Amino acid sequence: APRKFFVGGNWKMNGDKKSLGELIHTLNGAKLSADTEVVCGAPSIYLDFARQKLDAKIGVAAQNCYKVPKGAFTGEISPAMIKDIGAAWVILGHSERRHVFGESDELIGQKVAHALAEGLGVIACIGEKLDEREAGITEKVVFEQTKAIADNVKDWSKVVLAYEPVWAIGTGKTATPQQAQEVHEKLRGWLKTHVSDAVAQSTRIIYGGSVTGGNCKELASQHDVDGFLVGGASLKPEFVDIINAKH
């Protein structure tokens, strides 16, 4: 269908209730266009607080979950917890978890299927490493990632794909609209070819490299990028700028 601009605010391990509410206040208060779908992903202690403070206009996403509703999982929260609280999205397969917490493609795939079954929308992340990029293996990886995911979705309608060149954000660089456009174009083409063009055309593929207030227009501008997974910049008023990018 005629795919809606999506913008995700990934707060990571940042903020406290004071600082954050300030954020939210500023948000709640800002002028943003529909055209753009917005969602904030808060640290879990903050989730409820945030759903509470955030306007219905704005969706709330948990930055991770597990694939079982209950149990002997010390330290984990469940899709049902998430839901309980009123969040409706879970960010999954994030680079930091893939890489610092060693989450597997299998493990991620199961979180996707569980999250879906439980009725929460998902923004799933793929991306290659500098060395992956440099070996000339980007495609293979990003595709491996993506199928792992795909093999687990039943319903692409509560699904967003976030392409994150890991390879890039903390090492300087680019993630030039052009190198970004390219992966976006092949993914979509992948999906097309391994799923359906129906799916291919309904799914929002958001750009997740280092987006900014300066940046965004240029990226947004591109043909196959449907939005962004925003990090650092999601913590400042600049996000409004990003939200209202395509414009």
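Start at 1 and count along the sequence shown; that's the residue number.
In this entry, the higher average B-factor at the C-alpha atoms falls on 190 to 198, of the pair 190 to 198 and 46 to 54. Averaged over CA atoms, B-factors in the entry run higher in 230 to 238 than in the other of 230 to 238 and 5 to 13. Out of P69, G214, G208, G59, it is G214 whose C-alpha atom has the highest B-factor in the PDB entry. Within the selection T138, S95, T74, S78, the deposited Cα B-factor values reach their highest point at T138. When all modelled residues of the chain are sorted by CA temperature factor, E134 is found within the middle third. Per-chain ranking of the deposited C-alpha B factor places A117 in the middle third.
For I108, the recorded CA B-factor ranks within the lowest third of the chain. Only modelled residues enter the ranking. Residue-level temperature factors show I149 in the middle third of its chain, judged at the C-alpha atom. Sorting the modelled residues of the chain by their CA temperature factor places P165 in the middle third.
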